[PDB]
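Take a look at this single chain, the form deposited in one PDB entry, given in structure tokens.
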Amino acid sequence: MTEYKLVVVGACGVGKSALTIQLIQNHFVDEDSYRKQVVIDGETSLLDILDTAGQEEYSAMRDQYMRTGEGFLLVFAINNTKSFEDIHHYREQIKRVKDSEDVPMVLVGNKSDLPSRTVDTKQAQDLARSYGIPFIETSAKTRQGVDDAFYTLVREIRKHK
């Protein structure tokens, strides 16, 4: 059976864990690794997911997970300008470790339910256009865009293969 190794990257506190918990466990309340079999477009596959900001203890496991990772969610929060500014560093880091220019990625703007916004949707759309990747607005709290973000990434991985 097909397995997809997914890595969710972004600054501390953007909601990487929250998004992954919503996907896998279907809840939100206000584990760094998750594993579940799902059906996407009629195809069964196991999602093996790591959430990481890059500053975690097991660095060796991280570079490993980066080399093996087939697709990446690049996550920022719409109320965290720095987290948006950090996206380029994460994308550049992935490219370098994968030693590749065609790595499946999706840009995710999380916390879309919050009324504090400091990152414009246009800013993110423009960035994603430059990178040639999808941009999806999400809320781990309301579930907005959560399946869409991860399933879009799986579809990007299929295109690549």
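So that there is no doubt, residue numbering starts at 1 and follows the sequence shown. Only residues modelled in both forms are compared. We call the rigid core the largest set of C-alpha positions that still match within 1.5 Å between the two forms.
In what follows, reference is made to the form deposited in another entry, a form of this protein that is not presented.
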Notebook entry, point to check: With the two forms superposed on the core, which of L114, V97, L46, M61 shows a CA shift of 2 angstroms or more between the shown form and the other one?
Noted result: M61
Notebook entry, point to check: Which way does the C-alpha gap of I49 and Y58 go in that other deposited form, closer or farther, given it changes by 3 angstroms or more?
Noted result: farther
Notebook entry, point to check: Any idea whether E57 and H88 get closer or farther by CA distance in that other deposited form, knowing it moves 3 angstroms or more?
Noted result: closer
Note to self: At 2 Å or more of Cα shift, core superposed, where are the runs of at least three residues that differ between the shown form and the other one?
What the structure shows: 53 to 65
